[PDB]
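Numbering (the working numbering), first residue to last: 6 to 71.
Using N, Cα and C, we set each Cβ at its ideal position, and we do this for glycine too.
Structure, as structure tokens:
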Ligand SMILES: [Ca+2]
Ligand SMILES: [Ca+2]
């Protein structure tokens with residue numbers, strides 16, 4: 006219900022979540038192996054898609070307020 010979830014999932018306190026981090030987030034709710042969805046969603050959720058999505062990018066992406 007906020008952006009804190011993005012940083013919360015980042016146990017490494019890096020403020021960035023890569024494709025793996027994303028797939029893991031949803032994996033915590035169930036078991037759904039999506040190679041295509043992961044790749045597409047990875048670049049989609051990532052503003053710059055630079056290996057991982059930064060906290061700032063996620064915030065601005067939340068709600069598609071770009
Ligand atoms: Ca992280
Ligand atoms: Ca990034």
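With burial defined as no fewer than 16 other Cβ atoms inside 10 Å of the residue's Cβ, what is the status of residue 21: buried or exposed?
-> buried
CB residue 28 to CB residue 60, shorter than 7 Å?
-> no
Should residue 59 be listed as close to ligand 2, given that the test is whether its C-beta is under 6 Å from any heavy atom?
-> yes
Inspect the beta-carbon positions of residue 26 and residue 64 and report whether they are closer than 7 Å.
-> no
Could you check if residue 5 is buried or exposed, using at least 16 other CB atoms within 10 Å of its CB as the buried criterion?
-> No answer is possible for residue 5: the residues shown for the chain start at 6 and end at 71.
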